[PDB]
Amino acid sequence: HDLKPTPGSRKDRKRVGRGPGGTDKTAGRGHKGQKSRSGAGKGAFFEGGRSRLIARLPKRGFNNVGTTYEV
Amino acid sequence: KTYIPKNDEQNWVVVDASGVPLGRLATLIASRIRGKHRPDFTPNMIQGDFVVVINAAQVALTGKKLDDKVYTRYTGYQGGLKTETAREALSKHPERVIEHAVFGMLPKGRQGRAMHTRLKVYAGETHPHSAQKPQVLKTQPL
Amino acid sequence: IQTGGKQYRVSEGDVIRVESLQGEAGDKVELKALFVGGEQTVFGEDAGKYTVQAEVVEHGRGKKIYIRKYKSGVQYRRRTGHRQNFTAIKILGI
Amino acid sequence: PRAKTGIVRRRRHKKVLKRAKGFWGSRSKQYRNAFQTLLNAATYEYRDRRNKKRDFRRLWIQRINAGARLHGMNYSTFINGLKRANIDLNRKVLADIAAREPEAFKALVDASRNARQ
Amino acid sequence: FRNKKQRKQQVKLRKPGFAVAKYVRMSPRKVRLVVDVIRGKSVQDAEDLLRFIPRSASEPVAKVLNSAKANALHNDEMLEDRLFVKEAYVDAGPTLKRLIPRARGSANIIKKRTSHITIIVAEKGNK
Amino acid sequence: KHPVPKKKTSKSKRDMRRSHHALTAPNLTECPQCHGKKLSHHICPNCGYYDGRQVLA
RNA sequence: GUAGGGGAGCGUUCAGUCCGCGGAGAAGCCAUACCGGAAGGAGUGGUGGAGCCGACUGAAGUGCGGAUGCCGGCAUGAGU
RNA sequence: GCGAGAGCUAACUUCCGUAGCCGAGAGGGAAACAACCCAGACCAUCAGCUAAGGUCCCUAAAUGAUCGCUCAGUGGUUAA
RNA sequence: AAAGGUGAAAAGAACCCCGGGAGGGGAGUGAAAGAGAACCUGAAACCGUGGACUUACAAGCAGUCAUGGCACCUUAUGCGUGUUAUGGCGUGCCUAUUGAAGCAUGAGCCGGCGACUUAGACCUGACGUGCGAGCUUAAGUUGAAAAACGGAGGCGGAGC
Ligand SMILES: [Mg+2]
Ligand SMILES: [Mg+2]
Ligand SMILES: [Mg+2]
Ligand SMILES: [Mg+2]
Ligand SMILES: [Mg+2]
Ligand SMILES: [Mg+2]
Ligand SMILES: [Mg+2]
Ligand SMILES: [Mg+2]
Ligand SMILES: [Mg+2]
Ligand SMILES: [Mg+2]
Ligand SMILES: [Mg+2]
Ligand SMILES: [Mg+2]
Ligand SMILES: [Mg+2]
Ligand SMILES: [Mg+2]
Ligand SMILES: [Mg+2]
Ligand SMILES: [Mg+2]
Ligand SMILES: [Mg+2]
Ligand SMILES: [Mg+2]
Ligand SMILES: [Mg+2]
Ligand SMILES: [Mg+2]
Ligand SMILES: [Mg+2]
Ligand SMILES: [Mg+2]
Ligand SMILES: [Mg+2]
Ligand SMILES: [Mg+2]
Ligand SMILES: [Mg+2]
Ligand SMILES: [Mg+2]
Ligand SMILES: [Mg+2]
Ligand SMILES: [Mg+2]
Ligand SMILES: [Mg+2]
Ligand SMILES: [Mg+2]
Ligand SMILES: [Mg+2]
Ligand SMILES: [Mg+2]
């Protein structure tokens with residue numbers, strides 16, 4: 004029981020909600036939005052509705068493995 | 030801290046309204062009633078003096094007003110909003126003009142209402158309060 | 005008879021709390037008058053010469069008060085505590 | 002491990018209900034109306050602190066105005082001739098002089114007027 | 008004394024002039040209505056007034072006034088010809104809930120209030 | 003149709019309503035014979051005495 | 001000062017550990033004008049009848065006025 | 001408010017531009033009044049000077065001073 | 001579906017009292033019946049009895065703040081506490097909004113339950129730590145009121 008933890012080596016988490024202190028309401032989320040919603044999937048490469056840079060671009064070459072040399 | 034007094038006295042006067050504009054005598058008396066001339070003045074006490082008005086019959090109203098000056102007394106009843114010229118009310122019952130005036134110039138809460146009573150209104154030069162020995166107040170702006 | 009803002013009015017011999025004057029249990033503080041605490045009456049520079057003395061009496065954390073604020077519709081509610089530090093002073097007027 | 006409110010809520014609540022007394026109907030007895038009543042009460046406390054600072058000032062003023070006028074002076078003229086002869090009195094005190102101390106107010110008057118002309 | 012426990016040991020509670028109609032099948036407010044006339048009156052008076060009050064709760068109320076007078080004279084050695092109604096009141100019992108059908112499908116919780124009627128008799132003298 | 007009350011009523015008014023429901027006390031007298039207590043203009047219930055006897059003891 | 005990011009902390013339980021209390025009375029509950037910058041926390045008095053406070057550290061089902069929220073109790077409407 | 005367009009040199013109108021304000025702004029004023037005029041509230045004070053705006057009574061403060069106007073209650077709502 | 005608790009032990013209340021009873025008031029047992037079988041604590045809404053101060057010319061988001069009255073004196077005779085009269089002042093809360101007292105949403109009241117979490121030996125960051133051109137194990141094995149072993153693989157090492 005003697006001991007103690009390194010200053011700054013354990014940060015107490017965030018429990019969002021709970022008071023006006025505090026993170027009132029909303030929970031970081033603001034007012035409405037698709038973001039507002041308890042639901043998975045959005046995701047991360049989903050820009051706009053749209054068509055992505057990702058698929059707007061030239062697929063060059065292919066994929067060979069090969070012998071790779073150890074430095 | 031600041032000095033809250035105690036209401037002894039009960040002090041009386043005689044405003045002679047003979048030949049004075051209504052509004053003016055109206056505020057002179059309204060003020061003597063409210064109390065504001067009492068340096069020990071106090072806002073939740075009705076310190077003010079008692080005012081006896083004589084000759085409310087012979088008040089001065091500046092023309093043409095008494096032929097223009099309406100008084101509107103609504104009655105609850107449709108076609109109620111009845112009228113009255115200042116000369117009408119004056120020949121009828123003049124203390125109800127003076128009363129009416131002074132009463133717009135006093136607070137409209139529990140107090141003010143109660144203060145009304147500190148007004149004694151007559152006409153000619155006669156009052157029945159000779160027992161109250163009223164101090165003949167004047168007409169100035171001081 | 006003023007003292008950190010507030011004027012005062014003393015007769016002779018009494019308490020009066022003011023604010024954080026310096027020293028501890030029984031210094032000896034003195035102030036220049038604006039007005040005669042009684043007889044004959046004199047005022048101003050004609051009465052600065054006439055002064056008063058007054059010995060300290062105590063150091064003080066006064067009676068509690070809270071500072072609460074509110075604005076509707078925002079969730080703006082603020083709650084703080086406060087005590088104003090005063091010094092107690094015994095009047096010994098010249 | 003689970004941790005019921007157990008106790009805390011009753012605590013918070015009572016706190017409010019003990020602030021909450023003298024209050025007319027439900028206000029003094031149901032939590033929600035109580036705490037609520039107190040939100041507004043908050044507003045009124047804050048403002049009315051500075052406010053009373055105004056109101057008293059008003060009171061002192063009307064008493065002095067009176068005083069002045071009791072001889073022949075205006076408030077404004079008295080107080081101005083009491084700025085002129087530099088008689089740097091608080092006005093709270095001036096009220097005090099005015100209503101509890103007669104002949105003193107008399108002198109302060111004669112002074113202000115002198116310095117005025 | 009010292010301990011609460013010691014006081015418990017020593018004293019015991021005696022109830023002077025008191026009796027209790029427990030669990031009586033009548034609504035509080037009704038029964039109060041009778042009882043408001045008993046209170047503070049020459050205890051025999053109460054026996055008479057309670058013969059000519061025409062409400063239903065006259066009788067359980069009177070029953071409890073004889074009990075009190077009884078308990079007051081016997082168990083407490085008091086003075087009949089100076090005994091009176093020091094206290095009287097009633098509060099709620101466990102109210103007795105049953106269903107009534109109504110128009111169409113709806114139903115209803117109808118509550119048969121009970122009453123704890125209670126009188127305290129006493130000695131009334133002026134000096 | 004179907005008028006209901008707008009707001010729940012207070013303990014205060016409600017008990018100002020009840021302000022009259024207060025029972026009036028039988029104004030009684032003692033009955034010259036058997037000696038219980040009779041209602042004025044009725045039969046003293048114990049004996050049966052209105053001036054001689056009627057309903058019986 | 002709204003959404004928002006940042007900073008320091010108050011309380012709840014379970015847990016490791018120490019200080020330690022308790023039938024001359026634990027927790028819980030009830031009253032109050034004390035203390036802390038605030039979450040809060042102490043003093044004493046009445047309740048109760050067998051358990052518990054405090055410090056440091058760890059882990060959370062960890063703080064409710066709202067959701068026409070859920071369970072339960074009791075009010076209004078009504079002596080209608 | 002100033003710039004323009006669509007409108008009917010209509011709108012608590014709409015679509016741009018531009019400054020400030022409310023939004024997210026309490027305080028005084030404009031009777032009342034998100035936007036307007038003054039002004040950006042770290043606590044305490046029964047302390048003092050000012051801003052816009054005011055100073056017969058309600059309601060703090062000149063029923064002020066001098067040179068005038070209108071007599072119509074204009075003031076206290078419009079035009080050829 | 002909701003359902004739990006007398007006491008240490010039934011020693012479970014002979015017996016007298018009002019009542020048909022129910023219920024209670026004694027007694028007697030017990031440490032306690034401030035445990036008596038509607039039997040541990042007994043919060044709050046909610047209903048009542050008594051008492052203080054108040055209230056029948058008054059206009060109100062029910063508060064605030066100032067003063068007077070009356071009352072009380074166990075953190076308590078002063079910055080008092082309870083209550084009150086008179087004054088000034090003052091548009092419930094939440095959510096939703098360009099803008100809410102809103103005649104816009106929600107809700108009878110009080111309890112109690114009620115919502116930003118967990119997993120992966122994934123990703124990327126901030127704080128910290130241990131070794132540091134080096135850093136590290138996983139499955140498992142053995143022991144296990146403890147942990148140690150386990151290089152198989154992982155990350156760094158050079159880009160284009
Ligand atoms: Mg945060
Ligand atoms: Mg929302
Ligand atoms: Mg949106
Ligand atoms: Mg508001
Ligand atoms: Mg100021
Ligand atoms: Mg014994
Ligand atoms: Mg059917
Ligand atoms: Mg522990
Ligand atoms: Mg525990
Ligand atoms: Mg709820
Ligand atoms: Mg509804
Ligand atoms: Mg009826
Ligand atoms: Mg009806
Ligand atoms: Mg009917
Ligand atoms: Mg639009
Ligand atoms: Mg917005
Ligand atoms: Mg503003
Ligand atoms: Mg404004
Ligand atoms: Mg205003
Ligand atoms: Mg507007
Ligand atoms: Mg100016
Ligand atoms: Mg004035
Ligand atoms: Mg029995
Ligand atoms: Mg009462
Ligand atoms: Mg009247
Ligand atoms: Mg009255
Ligand atoms: Mg909310
Ligand atoms: Mg809208
Ligand atoms: Mg409404
Ligand atoms: Mg609504
Ligand atoms: Mg909607
Ligand atoms: Mg690192």
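Protein chains in written order, with the authors' numbering: chain I, 4 to 74; chain G, 30 to 171; chain O, 5 to 98; chain N, 2 to 118; chain P, 8 to 134; chain Z, 3 to 59.
Quick reminder that beta carbons are idealized off the backbone N, C-alpha and C, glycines included.
Neighbour list for residue i in chain Z, Cβ cutoff strictly below 9 Å
i	result
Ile-60 of chain P	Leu-25, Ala-27, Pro-28
Chain O within 7 Å of residue i, Cβ atoms only
i	result
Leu-90 of chain N	yes
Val-94 of chain N	yes
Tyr-47 of chain N	yes
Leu-40 of chain N	yes
Residue-level contact to chain Z via CB, residue i, 7 Å cutoff
i	result
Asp-98 of chain P	no
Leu-40 of chain P	yes
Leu-56 of chain P	yes
Cutoff 7 Å: residue i Cβ touching any chain N Cβ
i	result
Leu-35 of chain O	no
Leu-57 of chain G	no
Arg-21 of chain O	no
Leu-54 of chain G	no
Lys-53 of chain O	no
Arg-72 of chain O	yes
Identity of the residue in the options nearest residue i by Cα
i	options	result
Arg-67 of chain G	N:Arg-48, N:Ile-65, N:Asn-75, N:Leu-95	N:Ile-65
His-123 of chain P	P:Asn-78, P:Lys-29, P:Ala-114, P:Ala-110	P:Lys-29
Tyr-32 of chain N	N:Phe-106, N:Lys-19, N:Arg-51	N:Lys-19
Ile-58 of chain G	G:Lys-35, G:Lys-93, G:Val-80	G:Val-80
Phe-39 of chain O	N:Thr-38, N:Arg-117, N:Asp-97	N:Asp-97
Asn-75 of chain N	G:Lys-30, G:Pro-170, G:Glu-117, G:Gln-39	G:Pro-170
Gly-48 of chain G	G:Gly-77, G:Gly-153, G:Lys-162, G:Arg-63	G:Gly-153
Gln-37 of chain I	I:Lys-45, I:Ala-30, I:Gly-31	I:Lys-45
Residue i: CB within 6 Å of a non-hydrogen atom of ligand 3
i	result
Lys-38 of chain I	no
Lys-14 of chain I	no
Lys-35 of chain I	yes
Nearest-angstrom beta carbon gap, residue j and residue i [assumed within contact, 8 Å]
i	j	result
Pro-35 of chain P	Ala-75 of chain P	Wrong, their Cβ atoms sit about 19 Å apart, outside the cutoff.
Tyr-47 of chain N	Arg-72 of chain O	7 Å
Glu-16 of chain O	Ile-69 of chain O	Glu-16 of chain O to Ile-69 of chain O, Cβ: 32 Å. No contact.
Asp-69 of chain G	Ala-100 of chain N	4 Å
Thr-31 of chain Z	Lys-40 of chain Z	6 Å
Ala-58 of chain O	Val-33 of chain O	6 Å
Minimum Cβ-Cβ distance from residue i to chain P less than 7 Å
i	result
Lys-15 of chain Z	no
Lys-40 of chain Z	no
Residue i at chain I interface by Cβ criterion, 7 Å
i	result
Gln-79 of chain O	yes
Residues that residue i contacts on chain O, provided the C-beta gap is smaller than 9 Å
i	result
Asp-97 of chain N	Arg-13
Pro-10 of chain I	None at all; the shortest Cβ gap to chain O is about 29 Å.
Partner residues on chain Z for residue i, Cβ-Cβ distance less than 8 Å
i	result
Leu-72 of chain P	The premise fails here: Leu-72 of chain P is roughly 15 Å from chain Z at the closest Cβ pair, so nothing lies under 8 Å.
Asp-43 of chain P	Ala-24, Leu-25
Beta carbon proximity, residue i to chain G, threshold 7 Å
i	result
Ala-116 of chain N	no
Beta-carbon neighbours of residue i, restricted to chain N and to distances below 7 Å
i	result
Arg-61 of chain G	The premise fails here: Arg-61 of chain G is roughly 12 Å from chain N at the closest Cβ pair, so nothing lies under 7 Å.
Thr-91 of chain O	Within 7 Å Cβ-Cβ: nothing; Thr-91 of chain O doesn't reach chain N, min ~20 Å.
Cross-chain neighbours of residue i in chain O, by beta carbon under 7 Å
i	result
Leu-109 of chain N	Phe-47
Closer than 6 Å: residue i CB and nearest ligand 4 heavy atom
i	result
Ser-76 of chain O	yes
Where residue i meets chain G, residues with beta-carbon distance less than 7 Å
i	result
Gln-63 of chain N	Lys-65, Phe-70
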